[PDB]
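Notes follow once the structure below has been shown.
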Amino acid sequence: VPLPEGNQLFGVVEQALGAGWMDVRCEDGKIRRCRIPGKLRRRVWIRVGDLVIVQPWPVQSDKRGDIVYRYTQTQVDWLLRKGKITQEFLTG
RNA sequence: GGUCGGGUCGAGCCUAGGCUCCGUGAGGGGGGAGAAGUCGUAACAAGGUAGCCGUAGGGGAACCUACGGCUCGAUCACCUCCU
Ligand SMILES: [Mg+2]
Ligand SMILES: [Mg+2]
Ligand SMILES: [Mg+2]
């Protein structure tokens with residue numbers, strides 16, 4: 001339900017790299033090696049192909065970022081119906 | 001005191017060669033942490049082919065095989081040597 005606020009933007013998980021590292025495709029047509037904060041790492045399980053919010057790192061904000069929130073099925077369905085995001089971004 | 005001649009000592013400077021230090025450096029090599037990637041299961045019980053040492057060959061990877069050695073090897077039957 002919460003939306004990106006600032007430099008944050010959506011993203012689609014592509015492949016997990018191990019040791020809490022994911023490979024997320026963002027809305028600006030860039031692939032980023034993203035790091036999962038440990039606070040939500042322990043309680044929220046993330047799997048390839050999900051809509052998430054990613055904030056790029058302050059330095060070298062082109063290939064690194066942090067994942068802050070995961071969108072459930074109802075939230076992504078509501079977003080698709082509202083029209084803030086399209087279907088081809090999710091499906092690739 | 002000037003000028004010239006002779007003998008000797010000499011900091012510095014130039015060239016060549018030989019050693020050595022500092023900065024960058026394409027490319028390559030292992031080491032150490034991390035643990036929400038991956039393929040197997042080598043070790044500990046007889047760990048499911050006992051494990052390990054030396055040498056040599058082979059294999060995605062732990063590993064496998066041959067010759068000589070050690071017990072830091074389990075179970076059953078028989079034998080030997082003691083207290
Ligand atoms: Mg084994
Ligand atoms: Mg074995
Ligand atoms: Mg062979």
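So you know, we letter chains A, B, ... as the sequences are listed, proteins then strands, and number each from 1.
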Atom pairs and distances, side-chain donor-acceptor, residues 69-80 of chain A, under 3.5 Å, sequence neighbours left out:
from, atom 1, to, atom 2, distance (Å)
A/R70, NH1, A/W45, O, 3.4
A/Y71, OH, A/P2, O, 2.3
A/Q75, OE1, A/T72, N, 3.0

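The minimum heavy-atom distance between A/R47 and A/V13, with the atom names listed, is O-CB, 4.1 Å.
A gap of 28 Å separates the P atoms of B/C13 and B/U3, to the nearest Å. Annotation: B/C53 and B/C63 have their P atoms spaced 11 Å apart (nearest Å).
When rounded to the nearest whole Å, the span between CG of A/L17 and P of B/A36 equals 14 Å. The separation between A/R33 atom CZ and B/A36 atom P is 19 Å, rounded to whole Å.
A positive value of the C1'-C2'-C3'-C4' dihedral assigns B/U8 to the north, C3'-endo side. Judged by the sign of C1'-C2'-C3'-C4', the furanose ring of B/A61 adopts a north, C3'-endo-like conformation.
Checking B/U83 for Watson-Crick or G-U wobble geometry (two distances, each under 3.5 Å) identifies no partner in any strand.
RNA chain B is contacted by no residue of residues 50-69 of chain A, taking any non-hydrogen atom closer than 4.0 Å.
Nucleotide B/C72 carries a syn base; the chi torsion (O4'-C1'-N9-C4 or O4'-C1'-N1-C2) is within 90° of 0.
Side-chain contact between A/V24 and A/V12 is absent, with no heavy atoms from C-beta onward closer than 4.5 Å.
Taken together, B/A56 and B/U65 qualify as a Watson-Crick or G-U wobble pair under the 3.5 Å criterion applied to both distances.
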